[PDB]
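Some notes on the structure that comes next.
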Amino acid sequence: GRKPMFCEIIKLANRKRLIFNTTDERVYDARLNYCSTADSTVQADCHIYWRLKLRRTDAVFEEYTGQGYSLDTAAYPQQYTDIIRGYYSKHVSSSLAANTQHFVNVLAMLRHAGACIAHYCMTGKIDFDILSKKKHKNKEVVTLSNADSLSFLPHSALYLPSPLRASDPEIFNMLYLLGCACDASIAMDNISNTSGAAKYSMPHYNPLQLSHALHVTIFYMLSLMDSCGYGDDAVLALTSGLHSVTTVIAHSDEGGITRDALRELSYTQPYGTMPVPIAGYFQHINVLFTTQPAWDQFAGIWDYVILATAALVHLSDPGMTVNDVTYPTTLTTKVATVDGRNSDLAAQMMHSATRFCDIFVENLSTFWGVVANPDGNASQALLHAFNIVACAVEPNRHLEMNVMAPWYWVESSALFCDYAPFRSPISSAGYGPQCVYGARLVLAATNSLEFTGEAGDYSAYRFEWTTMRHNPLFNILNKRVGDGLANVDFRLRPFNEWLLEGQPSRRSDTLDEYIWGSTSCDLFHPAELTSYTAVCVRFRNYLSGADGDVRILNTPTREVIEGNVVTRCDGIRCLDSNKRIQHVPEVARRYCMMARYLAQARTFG
Amino acid sequence: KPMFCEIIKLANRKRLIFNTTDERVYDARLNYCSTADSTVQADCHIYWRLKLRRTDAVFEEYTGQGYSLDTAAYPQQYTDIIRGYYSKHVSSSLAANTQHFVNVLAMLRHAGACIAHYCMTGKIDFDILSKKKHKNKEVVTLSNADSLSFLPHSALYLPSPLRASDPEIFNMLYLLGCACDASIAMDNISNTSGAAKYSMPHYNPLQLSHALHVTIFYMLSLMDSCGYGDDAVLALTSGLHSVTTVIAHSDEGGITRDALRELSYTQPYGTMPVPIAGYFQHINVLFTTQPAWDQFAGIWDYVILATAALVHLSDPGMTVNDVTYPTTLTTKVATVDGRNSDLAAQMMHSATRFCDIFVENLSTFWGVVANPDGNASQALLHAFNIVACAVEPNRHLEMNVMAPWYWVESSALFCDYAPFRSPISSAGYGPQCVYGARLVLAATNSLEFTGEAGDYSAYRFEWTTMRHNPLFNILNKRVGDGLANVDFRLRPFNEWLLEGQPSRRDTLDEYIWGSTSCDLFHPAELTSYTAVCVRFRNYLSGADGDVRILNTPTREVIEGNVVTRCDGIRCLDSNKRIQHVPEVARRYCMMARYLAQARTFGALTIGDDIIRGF
């Protein structure tokens, strides 16, 4: 691997408060400027919020079962296997087989380390107690000399050679801490700096360089596993820990299934031999922070990576092709959900999550700079995590559905300096991100349409219609409360049927009636208010009252509906959660006419 | 760059403003004298009120959400020198053959803010220059950072050669980037009672302000080398007006003040190369180190006022019947909680052109070369959009008819107006008197004599706008009767737009508004698309024991040109007569109906049929 994607986009926003509980949450605000290339009058500013919460007050101190995924086949490549020779005594190192195996499994350590990182990013506290899960106190370590006695242990053990402690003492100390956190036999060359003591004592650190060492060890272990080819799997474990200690509360009632997937993704006891790292494995992160950085910049970089991981899931998922036109994946079930569990929806979600996990870990490894494993080993792990989520007999909030749009975690529309690295079909379909951070993106104003004519006080267009997100002009109007998105209406519709309608209360006729609450993200859900058949929309361009005057209105003109939109990004601040952010959209998720249209849709496979 | 001249430079101020209840006024007295008769003259005092926006206006949260410029690539020489500064460190040698982008707009705007704060309150320190956040700004150091680290495209990198060539610009850049909090990175900090704490020598306010000036111009040069000059220029003026409220002359205008204040920028970045000789540095306004606060306040107060007045000369021409009137807005929908959404919509549809004209005049005012893409216009139009759609009770929009493109009277404020591209000055509504010159202009509109009854002479004016003919302010500022002898012959058809005093409803001084600031008639105050008959009362009542004559001008003066001239600019304190606001009629009038009917249906709907009964 070379360069991982780390734009200091979230680093620039300065955080003020530290989170000590689950009642409050840190909200990253990003403004987006939308304007037509037709005329710069029709503009709007959309506030994407990303809300981060501490999962639980002690979400790192969770019982470690040591069960689940167990990678027992990650052996070092040639260079690392040769460097491993040199940890044995010279006599042994000289006459050792050239094709020896050294199997590495640091995954549990990386998951707990990611958990510690994000716990530090929320609360700002990190120490040996946290990093060791209250175990570094009385961890007895076998003290074999010259790693010749390594085969003398009745089992595989996590071995920390002396060259590593001499090269980068902080990496060695952090690996000791982590291997102490998750049950793991450690092997060191000199047990205690003071000969005679059975416990390795710590050069106590300051939290600043402590977290710096945590960072550098995350990258060390990532490079280590990547040298084997199981890099994608290592980074999957890392993000598992990250989202295992923090909850990035989603932009949809459904979204967060992947959160529950990453929660249930655990790893078994670690082991292996940790060589002195190859000098130029990870060339550089795109950001640069100093030894002993303040909690500020550290929280910055790692909140950015939390949110970028969260964004990748939406960024990459297989678009379902209905009548060979691609839509965001949406899964429908006729059977009624029972006691918070929809079984058929679970099975549908699994069947699609196959391809989802393939493409998602491909893009995640792209985002970390680690080449994706040629075989989909890690993707299968994530799919099994999905499986344990699906058939869980407990109730689940995210599967109370009857029509859900699975893969939309957080908006990915402003956190990437570039999207060209990722391979995603949803971007090619247009439901992807809309504004590259630091670039004015000229996208199509709406769907391909045709002007069907105008009446007296209205003007109609036949949208070949896919989804609201594919019609990016309507959030310009959505923001404008002064006669903006109340002049668009559907009283020209033959049958008024939408999957994922929005505001289902006032059913049981303007476009503002068929939209989501959308208070936390003014940009549109990728499967927002979709229909597979072309629909016709009329705008109320004027208003001729009953008296006789003809008031002209601010409805965009024809060349606005037919000319492109330009979108740029604005500042990204952070702030505190208010009542208005928490407002949760009530959305229509029940088997409708469009539902049973999709159940019989083409869906070419 | 020398496009600003030394007018308010020479006026001498001494008062320091401590609160917002106080202000300084830049009084400019003008002599209005008709070329025909040298005894019909008057002394009219324009005023220019400047007060503090708040007590702590400079300390406003940066937030960081604003217009985000990009693709501000350095020219060739700067790419070479920045490659040089990069290759020194292995952690920067990575980004060697990559094109480097700069964006100091945020620091530039905060610099403008604190420089205005200095011109008003006189005090500056590191708190005022760094939002009092300098105390604990941690600088990442390029030497102490790990080898896995790498200098991002978005870090404010202050090279060491910059501090080697000039430490004042260095410390100022550091302080401003601390204010507009950004990832500032030096080649190495001298660990001294702090791992990243950057300690700097305490400056006397004068050297501090001089460093601030020279670094403002450093950054202007830097952004101008990229073609994005008005991109880093407008921001400076926005900062200027973010601290000094430049009381407008008219309640309609001065919306652009809030437009400028609503404007913000994204966190700065790019590297800071040492200035290459002089591209913009060759023009150096002041040269003495630690120059006195008076002359500094002079230069920057004149810059404040010239910017604020450039709007009046940067106004799009509203065409009515192939005649150009000053762009005035009009709506029918009633005001709700002090706002007219339709007035805001029309303000945007006018700003669409007003903003590119304004930025053209600003570019030619600072001499920074223009660029085709016109990003600055985009940013300002976005700021207008923000000030329009804001859901707050907003004065400057309590009205159904409003004149937006006139904030502060731009007459007698420039050594000349030759370079400014303003179409409202090709029409009659530009400056009234150039500074340092005697300007001859037409004293009434196309005029025709139409009868002389007893002690009255009537004239048909082919009226266009009150300002367009200035003889009336000579008659108003006459030591004798102020227009009490001139009146109208109103008919059904001559309708008044923005008429003077609605509370009264025939002498003309009622139909003016009595602007106690800027005696000069506000463009588009007494507009009318028809002709108007006007009587001058020469004599008192006949058939009495007396028939007295008055100083009312004769037909030569009324038809002959007037010349105008400026007589210095005093600086005065806060009087009381100047605060008096005019009570102008701002309600949906029948004249507004013509504009609405012309917009909705067509311009051919208001031709020669506005005049009823010949």
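Chain labels follow the order of the structure tokens: the first chain is A, the next B, and so on; residue numbering restarts at 1 in every chain, and ligands are counted from 1 in their shown order.
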Starting from chain A, keep only residues with some atom at most 8 Å from an atom of chain B, counting only C-alpha atoms, and report them as a ChimeraX atom specification. /A:7-8,12-13,30-31,39-41,43-44,282-291,293-294,438-439,480,482,550-552,554,568-573
Please, which residues of region 388-586 of chain B, numbered as in this document, come out helix (DSSP H, G or I) from DSSP, as a list in words? residues 388, 389, 423, 424, 425, 426, 471, 472, 473, 474, 475, 476, 502, 503, 504, 508, 509, 510, 511, 555, 556, 557, 558 and 559 of chain B
Selection near region 213-220 of chain A, 8 Å with only C-alpha atoms, sequence-local residues under 5 positions removed, as an MDAnalysis selection string: chainID A and resid 110 113:114 117 170:171 174:175 277 282
Contacts of residue 16 (chain A) at 12 Å or less, counting only C-alpha atoms, minus same-chain residues fewer than 6 places along, as a ChimeraX atom specification? /A:25-28,121-124,295-297,299-300,573-576
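Note that the spacing between CA of residue 524 (chain B) and CA of residue 247 (chain B) amounts to 18.9 Å.
Excluding residue 481 (chain B) itself and same-chain residues fewer than 4 positions from it, the residues having an atom within 9 Å of it are residues 475, 476, 477, 485, 550, 551 and 552 of chain B, counting only C-alpha atoms.
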Can you pull out the residues contacting residue 329 (chain A)? Cut-off 8 Å, using only C-alpha atoms, and skip same-chain residues under 6 positions away; I want them as a VMD selection string. chain A and resid 317 to 320 405 to 407 527
Pairwise distance for CA of residue 93 (chain B) and CA of residue 163 (chain B), rounded to one decimal in Å: 20.6 Å
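Among the candidates A:266, A:588, A:483, A:237, the residue lying nearest to residue 508 (chain A) is A:588 (atoms considered: only C-alpha atoms).
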As a ChimeraX atom specification, please: the residues near residue 161 (chain A) (cut-off 12 Å, only C-alpha atoms, same-chain neighbours under 3 positions excluded). /A:83-89,143-148,150,158,164-169,171-173,175-176,186-191,272-277
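With only C-alpha atoms as the basis for measurement, A:541 is the residue among A:93, A:530, A:247, A:541 that approaches residue 558 (chain A) most closely.
Our summary of the geometry notes that CA of residue 155 (chain A) is positioned 19.0 Å from CA of residue 178 (chain A).
Running DSSP on the backbone and keeping only strand (DSSP E), the residues of region 468-554 of chain A that qualify are residues 488, 489, 535, 536, 537, 538, 539, 542, 543, 544, 550, 551 and 552 of chain A.
If only C-alpha atoms are the atoms counted, then among B:328, B:245, B:288, B:538 the closest residue to residue 457 (chain B) is B:538.
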